[PDB]
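Quick mapping for you: the protein sequence lines, in order, are chains A and B. Residue numbers 244 to 248, 268 to 276, in the deposited numbering, belong to the letters of the first sequence in order. The opening position of the second sequence corresponds to residue 72 in the deposited numbering, with each subsequent residue numbered one higher. Think of the CB as a built atom: it goes at the ideal place given N, C-alpha and C, for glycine as much as any other residue. To start, the structure itself, in structure tokens.
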Amino acid sequence: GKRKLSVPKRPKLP
Amino acid sequence: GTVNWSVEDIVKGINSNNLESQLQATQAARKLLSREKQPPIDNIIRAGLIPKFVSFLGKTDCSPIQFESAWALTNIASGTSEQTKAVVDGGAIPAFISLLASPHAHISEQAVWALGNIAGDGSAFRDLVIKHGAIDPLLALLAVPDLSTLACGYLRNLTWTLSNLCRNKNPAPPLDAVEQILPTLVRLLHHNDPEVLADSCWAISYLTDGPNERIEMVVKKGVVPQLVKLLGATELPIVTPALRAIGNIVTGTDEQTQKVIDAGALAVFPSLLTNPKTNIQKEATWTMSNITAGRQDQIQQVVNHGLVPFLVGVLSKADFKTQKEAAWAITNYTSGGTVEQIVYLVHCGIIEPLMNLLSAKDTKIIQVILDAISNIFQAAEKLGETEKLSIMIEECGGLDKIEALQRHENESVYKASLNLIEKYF
Ligand SMILES: [Cl-]
Ligand SMILES: [Cl-]
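In structure tokens:
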């Protein structure tokens, strides 16, 4: 009966 | 001096055969791409500046222009998929991998960051970054006796980039890549910095989201006790991915689920099931549902830790999505549990909040609850107590709801409801 189921990108700011 | 240039000014400086003019123009481009308010990324791309920036990455003789171009390319790669693609199409991947060996820490860090943005775009670019051989030089940067000697931001970027290499499915990362990364990932999981810990847990959660073979690779590394320890952390950004990871692991085999229990995870759930943050409460209940779907001795562990009244509490009052997971936890409990365990569930007061949810405008949860009521009645037959159970359901308005469900829009809902009426009422 099992049921299976931090940003990817970031700009560098000053 | 290099502030607020126009794109044509930048093009003009870069197109000159003057390395210093190119450096100043590149820095101006970086500052343009660094303003939080809508950076003109598409303008920079249309001007054909990407291949120029990529070529500047190779100028070992001029480290400042390597850094400015790396920073500029990093921010372009942080945008949309098409913008990230434009960076990749410029041949930036092998150029950034070469920069990982730079003697300048701020430059190699920028290469780490850029590769993180590229890999973070999706499975394809993630695997392409891996194919270009990024893993070895990335891990080599962490080949130190003590991680604490590394710069804080430097270590955080590396951990974040590594987590992106573990990220995404369809397809999942290559098995040989995951095996190569795991030992470093385990070591990062024992670091003392909250952000490193958070990203380490996210990486583990990514790897544990899939077939049981993927879960087994992680569990074999003996990270479960550490995950359970981080489950009791005070920092919410640590508890969230730690809970997700634990939740993924208990979707596997009974033996893998047992590792979680043996690590002492159940003792944290009184807090988790009453956590102020709704998503923590939902994923904890979802985790509980998969644990109650295990063996009877595992269901007994749930009982021994006094988690049943907490399931009743969640079922009684929570966000609806959490209550839906609770209904699953109950149906799984009643499906595989012993008669004694099912009786205990009723004694804890599971019936009333279970009946109250039958008035929910959600077809699936109604099905789930009806299955639970069915399983509970089956246990009552073995004790000859179906009459006593019928009264309890009748006394809390449960019979009224089951009766009205006989005329429901769904097939199996009307079927199970009418079945219950004639059989026990
Ligand atoms: Cl993709
Ligand atoms: Cl919330």
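Item                                                                                                                                         : Value
Contacting residues, own chain, Cβ-Cβ under 8 Å from residue 367 of chain B (five flanking each side not counted)                            : 407, 408, 409, 412
For residue 513 of chain B, the nearest candidate out of B:337, B:281, B:181 (CA to CA)                                                      : The structure shown has nothing for residue 513 of chain B, since chain B only spans 72 to 496.
Neighbour-count burial assignment, residue 179 of chain B, 16 or more Cβ in a 10 Å radius                                                    : buried
Cross-chain neighbours of residue 184 of chain B in chain A, by beta carbon under 9 Å                                                        : 272, 274
Close Cβ partners of residue 274 of chain B (< 7 Å) along its chain, the five nearest in sequence each way excluded                          : 233, 234, 237, 256
C-beta contact flag for residue 355 of chain B and residue 314 of chain B at 9 Å                                                             : yes
Within chain A, the residues that residue 107 of chain B reaches when beta carbons sit closer than 7 Å                                       : 275
Buried/exposed call for residue 351 of chain B, threshold 16 Cβ in 10 Å                                                                      : buried
Assigned secondary structure, residue 187 of chain B (DSSP; H/G/I helix, E/B strand, else coil)                                              : helix
Any non-hydrogen atom of ligand 1 closer than 8 Å to residue 195 of chain B Cβ                                                               : yes
Rounded straight-line distance, which links the Cα of residue 246 of chain A to that of residue 322 of chain B                               : 6 Å
Minimum length 3: unbroken beta strand (DSSP E) runs contained in the stretch 402-488 of chain B                                             : none
Same chain only: Cβ atoms within 8 Å of residue 223 of chain B, ignoring 5 sequence neighbours per side                                      : 264
DSSP three-state assignment for residue 135 of chain B, whether helix, strand or coil                                                        : helix
Backbone secondary structure at residue 281 of chain B - three-state DSSP                                                                    : coil
Helix, strand or coil at residue 501 of chain B [DSSP, three-state]                                                                          : Coverage of chain B is limited to positions 72 through 496, which leaves residue 501 of chain B absent and any answer about it impossible.
Helix, strand or coil at residue 212 of chain B according to DSSP, with G and I counted as helix                                             : coil
Amino acids of chain A, ordered along the chain, whose beta-carbon sits closer than 9 Å to that of residue 238 of chain B                    : 268, 270
beta-carbon residue 228 of chain B near ligand 1 non-hydrogen atom, thresh 8 Å                                                               : no
For residue 99 of chain B and residue 239 of chain B, the rounded distance between their alpha carbons                                       : 35 Å
Interface positions of the stretch 138-151 of chain B facing chain A (Cβ-Cβ less than 8 Å), listed along the chain                           : 142, 145, 146, 148, 149, 150
Cβ contact check for the stretch 77-92 of chain B and the stretch 423-437 of chain B: 3 or more pairs under 8 Å                              : no
Reduced DSSP secondary structure (H/G/I, E/B, other) of residue 198 of chain B                                                               : helix
Simplified DSSP state of residue 152 of chain B, which is helix, strand or coil                                                              : helix
Residue 496 of chain B - containing alpha helix (DSSP H), residue span                                                                       : No alpha helix (DSSP H) holds residue 496 of chain B; DSSP gives it neither H nor E.
Residues near residue 338 of chain B in its chain [Cβ-Cβ closer than 7 Å; skip 5 each side]                                                  : 376
Residue 177 of chain B to residue 311 of chain B span [Cα, whole Å]                                                                          : 31 Å
Beta carbon proximity, residue 403 of chain B to chain A, threshold 9 Å                                                                      : yes
Within-9 Å CB hit, residue 322 of chain B to chain A                                                                                         : yes
Whole runs of the beta strand (DSSP E) within the stretch 158-188 of chain B, excluding any shorter than 3 residues                          : none
C-beta neighbour in chain A for residue 514 of chain B, strict 9 Å                                                                           : As displayed, chain B neither begins before 72 nor continues past 496, which places residue 514 of chain B out of reach and without an answer.
Chain-order list of residues whose beta-carbon lies under 6 Å from that of residue 405 of chain B (same chain, five-residue window excluded) : 413, 443, 446, 447
Short-range partners of chain A found in the stretch 341-362 of chain B, where Cβ spacing is below 8 Å                                       : 357, 360, 361
Residue 76 of chain B (DSSP reduced to helix, strand or coil)                                                                                : coil
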